[PDB]
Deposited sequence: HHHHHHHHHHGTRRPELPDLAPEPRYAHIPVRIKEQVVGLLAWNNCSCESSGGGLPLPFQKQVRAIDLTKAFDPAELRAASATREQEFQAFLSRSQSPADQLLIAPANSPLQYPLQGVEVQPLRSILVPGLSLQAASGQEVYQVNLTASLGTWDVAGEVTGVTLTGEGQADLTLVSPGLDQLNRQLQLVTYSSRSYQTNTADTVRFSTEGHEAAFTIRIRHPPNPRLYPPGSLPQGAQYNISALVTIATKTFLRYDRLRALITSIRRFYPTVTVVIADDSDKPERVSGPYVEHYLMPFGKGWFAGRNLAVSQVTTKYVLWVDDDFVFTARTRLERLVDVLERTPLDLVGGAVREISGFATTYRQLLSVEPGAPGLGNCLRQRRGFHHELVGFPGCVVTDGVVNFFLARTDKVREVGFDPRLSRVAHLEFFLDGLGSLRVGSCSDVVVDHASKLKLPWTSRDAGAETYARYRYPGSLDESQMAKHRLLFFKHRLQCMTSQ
């Protein structure tokens, strides 16, 4: 909750609230409301609310809400870092120190930058006390006249009859991580008489750079095409034929959970057979797991490559921008094309209820330098993406049936999504064993749990 109330220190100062601004803050009170029903108005779009709590019996719901709270608290505990703690720099300290930007790998050692004591010259003695909790301090060299206590310990003191001596000594302080952890931080204390500063040294490994060999744009080397089929071999073969018309050696990975699978083969085609009805997002997951190239192109099995499906153009966007995923446009026989550019946002709910997801059509802004391309949160099922980022988000195998934006919501904030309308694929002009209704309730329960959601509006 944002606290607008005056501390007693300033209760005597009058303040007129800006409603306009207080409205921008997080009030942790979200809900999901439907558009008034009836005949729709021009310009206005109809908003439909889903109450995810209605996917459970209220008895079950209380159980779910409890176990979900427990799992969330667990999640917090594993994920949160001393570097995420709110630290306020004090005013009017002699203490100069690094506030951010200081990092060491577990069990290694660094010179600490920018440590200094800017006090008054003349004072008989000058002393600074450094405290760590996951490391130890030492000096790269000893300054004549500075006395050190606790070299190679968690607590170091430096004391000097000369201020220039002390400061030069500080320029040489080293920090060492003592115990192995993968990704954490030490909140160190730098102090002198009547003054205290807290700062954080991050203890972590450099990230896996996951560098791919370019091996201009070699599409066969850079891109693998991934799809999932179920009992639609005609569409699938028509797709592969259409791909081969423009890209003869690009790999096509096909996941398939058909009951009696047909043989799918040809040069540069890889067929994966799954247990019957394992599902949609699982085949998506399977297909992506097999990609060896920097990039993966998702297409549905009922799509058809044209001359408008210029993958070079998508490759270009990913090569030249920080995007992770860039969607094309899928065009009907009717000549209408969609980019299905979607915005997803999660809004904070009351404590223990969970959050509210808002989906609405749209985008954030135009992608500078690339006309017809925008940045949004979700796109249609025709996209090129960095294989690694896709795998990193995943196609949750639990979504066995009806699912699309759930990938983009799993990816929310982690995946940098764009959408280009000029790269176009065609959509070609008994299929679900069991209760769709069940699958839907199942999905709602899953989304409720997995994302801590109470409800959602679709728009």
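J.: Wait, which stretches of the deposited chain are just not there in the structure?
T.: Those stretches are 1 to 16, 232 to 237, 452 to 469, listed in order.
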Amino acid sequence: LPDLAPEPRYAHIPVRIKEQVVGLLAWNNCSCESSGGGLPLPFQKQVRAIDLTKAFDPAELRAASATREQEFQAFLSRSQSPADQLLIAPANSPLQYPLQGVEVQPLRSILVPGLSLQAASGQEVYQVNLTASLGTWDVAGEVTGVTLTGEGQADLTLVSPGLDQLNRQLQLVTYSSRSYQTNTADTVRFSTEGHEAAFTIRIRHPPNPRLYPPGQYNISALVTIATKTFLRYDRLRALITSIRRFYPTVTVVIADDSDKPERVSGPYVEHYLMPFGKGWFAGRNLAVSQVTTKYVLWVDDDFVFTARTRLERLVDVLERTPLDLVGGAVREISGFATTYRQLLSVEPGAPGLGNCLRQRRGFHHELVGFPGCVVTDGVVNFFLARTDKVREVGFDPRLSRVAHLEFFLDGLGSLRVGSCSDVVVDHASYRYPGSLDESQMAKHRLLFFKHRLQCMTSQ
From here on, numbers count along this sequence of modelled residues.
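J.: Looking at the entry, does 143 to 151 or 324 to 332 show the higher mean C-alpha B-factor?
T.: Per the deposited B-factors, the answer is 143 to 151.
J.: Taking the recorded C-alpha temperature factors, which stretch has the higher mean, 160 to 168 or 105 to 113?
T.: The stretch with the larger average C-alpha B-factor is 160 to 168.
J.: Per the entry's Cα B factor values, which of 94, 277, 248, 378 stands out as the maximum?
T.: Among 94, 277, 248, 378, the highest C-alpha B-factor in the entry belongs to 94.
J.: Per the coordinate record, which of the options 242, 127, 345, 208 holds the highest CA temperature factor?
T.: 127 has the highest C-alpha B-factor of those listed.
J.: Among the modelled residues of this chain, does the Cα B factor of residue 88 put it in the lowest, middle or highest third?
T.: Middle third, going by the recorded CA B-factors of the chain.
J.: Test of reading the entry: by CA B factor among the chain's modelled residues, which third contains residue 40?
T.: Middle third.
J.: Looking at the entry's B-factor column for C-alpha atoms only, identify whether residue 259 ranks in the lowest, middle or highest third of its chain.
T.: Within its chain, residue 259 is a highest-third residue by C-alpha B-factor, going by the deposited values.
J.: With respect to C-alpha B-factor, does residue 383 fall in the lowest, middle or highest third of the chain as deposited?
T.: Lowest third of the chain for residue 383's C-alpha B-factor.
J.: Lowest, middle or highest third: where is residue 31 by C-alpha B factor in its chain?
T.: It falls in the middle third of the chain.
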